[PDB]
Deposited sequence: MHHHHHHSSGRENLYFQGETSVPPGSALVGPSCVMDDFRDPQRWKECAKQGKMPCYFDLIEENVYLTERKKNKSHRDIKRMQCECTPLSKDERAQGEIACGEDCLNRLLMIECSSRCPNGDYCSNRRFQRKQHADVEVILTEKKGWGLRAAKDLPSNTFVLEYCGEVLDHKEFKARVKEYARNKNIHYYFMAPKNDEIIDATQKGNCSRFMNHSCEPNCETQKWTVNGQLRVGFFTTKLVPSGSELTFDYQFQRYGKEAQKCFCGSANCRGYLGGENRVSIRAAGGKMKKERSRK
């Protein structure tokens, strides 16, 4: 079982494919984070604009030496390189070509549909941004529902991104003690956005994974099936954390 990302656009066909076990269970697809209604501008880079001949010669706009990129800030529409700017990947949704696949023991997963060079933007981790009090409410709800999969991302020093009910296909990225992706915290238009990026050349067909650095507050630990010869055993490690520490409250 395998399905490309444009399969998730028709919710009726998606829902019916899911009833047949060929697609994962329905969730609300979103293109950008949804906040729970909480929600002079010039952060230009210093790249000298590419001439229209340089464009024609293959030069990159806002490449590796772009001051915005080097600080993990995306350029805006006003970037000196304009339409050429290659540092608007989150905003333009310039994702890697990936598929959602069914794994043996971890539920559904993400695999590369073509070779991805190292340091390649995979997908943004989108979800609902929760404050600490809605986080606790969802902890209770997901526990009482007896969910198996959890989808809480805790950006360091920041609110939880919950992709359990709304998100994109990045919510399928499984954990590995020996991963081939990393998260990267980027700012787009003053807002934090978290992206998955490759850390090595991922060959076509390989599962994409990252290190959850998972913080378990559940009583019962989850054995890790990443299969790495240096596998840490359980998703959460040896010790359980409180609910407030898991949610990043000191």
(request) Any chance you could give me the deposited-sequence numbering of all the stretches lacking C-alphas? (result) 1-30, 70-77, 289-295
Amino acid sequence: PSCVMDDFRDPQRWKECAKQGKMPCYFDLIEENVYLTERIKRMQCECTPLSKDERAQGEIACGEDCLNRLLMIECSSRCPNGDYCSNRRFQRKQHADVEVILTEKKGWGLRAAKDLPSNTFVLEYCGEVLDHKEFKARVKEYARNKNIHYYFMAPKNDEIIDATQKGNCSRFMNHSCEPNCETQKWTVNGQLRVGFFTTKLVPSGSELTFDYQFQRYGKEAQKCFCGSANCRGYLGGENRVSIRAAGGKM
From here on, numbers count along this sequence of modelled residues.
(request) Averaging only over Cα atoms, indicate whether 98-106 or 154-162 has the higher B-factor in the PDB entry. (result) 154-162
(message) Please compare 108-116 with 168-176 and say which has the higher mean C-alpha temperature factor in the record.
(response) 108-116
(request) Could you say which of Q213, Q57, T209, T183 has its CA atom at the highest B factor, as listed in the PDB entry? (result) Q57
(message) Per the entry's Cα B factor values, which of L36, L29, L192, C62 stands out as the maximum?
(response) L36
(message) Lowest, middle or highest third: which one holds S51 when the chain's residues are ordered by CA B-factor from the entry?
(response) highest
(request) Pull the Cα B-factor of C226 out of the PDB entry and bin it into the chain's lowest, middle or highest third. (result) lowest
(message) Lowest, middle or highest third: which one holds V241 when the chain's residues are ordered by CA B-factor from the entry?
(response) middle
